[PDB]
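Encoded as structure tokens, the following chain is the form deposited in one PDB entry, with no partner shown.
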């Protein structure tokens, strides 16, 4: 039976498991009993991205209101809601639409998770940890606990536990190091852009089955570039909080994955309200949301000339803005390299 170190095995059984896939889908409203995730298709999801984009032209451009209502009604058929009852939401504003843009994001990694699954195995020989983990195409080291490395890391969750989000408060269950296969290569280019930074990528867990196979990713062509504060790239945080929220760990599951990426920022476009891009102007190689808290300048460690902002909840001078913490974005995928995972226990304050 498996081989593997032991939270690697559990990591498999957490990130690879069927029940919870239904659970996300459920919380986006999705009507499992209409639309079973054997449905889930790259295909029917991609079509849905084009209808939410359909609604967007039209909303920012007047439109038949005899269009809008059916594009909503189109949005439904293809992605069946358990609603239900109660008065469904209209795709004729920015908000409700963006809402449905997350569900599809997620639908994407969840498909890739379950659809992942389906391959290897009447097997067995090679048991059900090493075949999933085998298909991850990723390798997983357990950082020892006592190490200055695990140490450093834990300062970083510490100090950038933020103010406002307390609360919950937070802790490190396991700490995995990762090379996924050949991502050195791709990043190669980007191993020599200036301004590189370890930042959090937090996501709902159900996601990491195909973030570990597909690498972190960006919305398809089909998707509303209005669906996203900075258009569609790849979003990242420096406070561990802004990211950790995205695990959607609740009172139970309270337990939840988070990435630490190397990211090749170079020249930061600094921004404060939304910019709907996907094209970055010339000479600029990432977007920055300029939230009012910065990780205190002061403390900024750098192993191999990546910066790490494990510095603590300080106030930036931006009052003026739409954010309260920073938000780094990069618009293609090569500019990222996954370094650590961490398993988190959410520990929800009293």
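Positions refer to the first chain, counted from 1. Between two forms, the rigid core is the largest collection of C-alphas that superpose within 1.5 Å.
The next section is about a form of this same protein that is not shown, the form deposited in another entry.
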Discussion item. Relative to the superposed rigid core, does residue 147 relocate between this form and the one not shown - that is, does its Cα move 2 Å or more?
Written reply: no
Fill in: Core-superposed comparison between this form and the one not shown, residue 24 Cα displacement 2 Å or beyond
yes
Worksheet item: Is it true that residue 224 shifts between this form and the one not shown by 2 Å or more at the Cα, once the core is aligned?
Response: yes
Worksheet item: Knowing the Cα distance between residue 175 and residue 304 changes 3 Å or more in the other form, does it shrink or grow relative to here?
Response: closer
